[PDB]
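Here the structure comes first, spelled out in structure tokens, and everything after it is commentary.
In what follows, every heavy atom counts, from backbone to side chain, and hydrogens, waters and symmetry copies are set aside. A, B, ... follow the sequence lines: proteins, then strands. Residue 1 opens every chain. As the structure lists them, so they are numbered: ligands from 1, and atoms in each ligand from 1.
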Amino acid sequence: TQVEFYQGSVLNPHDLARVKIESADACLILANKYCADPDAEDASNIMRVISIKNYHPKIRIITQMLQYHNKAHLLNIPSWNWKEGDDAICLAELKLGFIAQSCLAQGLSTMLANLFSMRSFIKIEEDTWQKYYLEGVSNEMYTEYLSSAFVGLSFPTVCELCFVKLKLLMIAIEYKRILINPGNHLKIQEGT
Amino acid sequence: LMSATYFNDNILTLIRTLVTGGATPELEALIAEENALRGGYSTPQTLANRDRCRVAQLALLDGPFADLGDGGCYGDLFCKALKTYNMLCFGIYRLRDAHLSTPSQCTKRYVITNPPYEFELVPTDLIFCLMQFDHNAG
Amino acid sequence: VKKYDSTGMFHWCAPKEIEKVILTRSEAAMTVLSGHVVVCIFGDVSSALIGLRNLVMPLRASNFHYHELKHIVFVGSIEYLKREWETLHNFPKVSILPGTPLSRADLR
Amino acid sequence: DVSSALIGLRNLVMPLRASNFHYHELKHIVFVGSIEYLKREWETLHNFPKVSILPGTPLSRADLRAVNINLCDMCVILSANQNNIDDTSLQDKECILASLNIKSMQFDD
Ligand SMILES: [Ca+2]
Ligand SMILES: [Mg+2]
């Protein structure tokens, strides 16, 4: 009841019309990260993007790019708009950024990776390292518009109130834009 | 990332500004225009928007965290650090054999994400920290 | 001479010559490298590129103190380094060492 | 690239030089591409005037700004990779990419 499949090529406009792409909320393109020739796969994804933008230019595209120089080609497409949500997740760029962040602080790559991954709540009877690790990993990063009761306070105050009362930990907010761990001088507002 | 990139469109730019270090769209526009990075003369305006929170790790073995780290709970240390140093602890970088009674020579540590308030803390633990910045340290 | 980006949240310096920052066996021997970052590249003439700019870009974020920056050294076979150097000649504190990362003498 | 085939660009410039047009109506010719292919085919293009060669890639915006593409009389796009690429839909790689790149270009006047 959640997944349907259809046979067709992205380069064919009729197949794109069959799946009612004009009413689709987004289009997701997956890449073969283990191809023998990365350039060929990057180019094939480039023309998949070209075809889907040719059919519907306003559709949202979330696609993987194996290389940064091939990623820069997408920025030259007239329909490729970052404001709309055209997200070219660059595997090489993000992996190198994670490696550099691990260089700044070891063990941060796994901390970031486990946040994006949806994990259940698993317990282990015996006291091992895996028990504590699985307890930690079960936490994911979510986003929510905050309540109006908090308005009129500072971000650290709301952090303490959420951690002590609601058992919730805040890392970033929006100021009336994304602000990561804003200082005590910033004040929360309505619709945060 | 895809699912996380779909259910919240700002996740990718948050990752790029927390990992790459503030990849503003002006820089992306410049890169797309030039296909590379070129030199330029200094501008005094580049010294006011650099005050952010840096990510790093800090040790509980010494310093003012030792007293609360000698058998204390995670919640008390987190609350005290948040109150005092504008800290934000989102995980513990704990040695694999730290919880074991037998003292080993192992050094590598694992990550526990978002430990509870009543979580028992070990003095030899490392925690992940978000700090401020000062512009006159050079 | 560009030490901050247009927004002003990054570190950078003037371009340098290819041989200006390359350290040989002896040049690495006298020059003491401590508190730095080692990066071991494997590849050959037919190997593909990587895009190492994003590996060094966040290390240059300006929300860190300048004295907290880290030297960067790369170790690999000189063919691949000279192949990709066209995109890495504009960054400072970048050393290139020909050879193989499997050699113990190079790592010493 | 180095393995790409030749084109025979003489007939591209030959009719522009027809003498039934006024001399002041002639047009400068600039080519943009990777210097390997240009030095490969230059043996048949060293005898013509008003012919500029620019190393690089046509997908680069800076190169097109240097050429002053917005001021040109006409821009044409040719790919020698139309033969080495096996997949039919992929032989129009660079032509389509560069066409969309120039179409999406923004210019200030
Ligand atoms: Ca969970
Ligand atoms: Mg159904």
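Looking at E125(A) and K131(A), no side-chain N of the basic residue comes within less than 4.0 Å of a carboxylate O on the acidic one, giving no salt bridge. Under the 4.0 Å criterion applied to side-chain N and carboxylate O atoms, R60(A) and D9(B) are not assigned as salt-bridge partners.
Within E140(A), the N, O or S atom lying nearest to the Ca ion (ligand 1) carries the name OE1. Looking only at N/O/S atoms, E4(A) comes nearest to the Mg ion (ligand 2) through OE2.
Taking 3.0 Å as the threshold, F121(A) does not count as a candidate ligand of the Ca ion (ligand 1), since none of its N, O or S atoms lies below it. In summary, an N, O or S atom of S138(A) is located under 3.0 Å from the Ca ion (ligand 1).
Nearest heavy atoms, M118(A) versus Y142(A): CE-CE2, 3.6 Å.
Distance check: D97(B) CG to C106(B) SG gives 5.0 Å after rounding to the nearest 0.5 Å.
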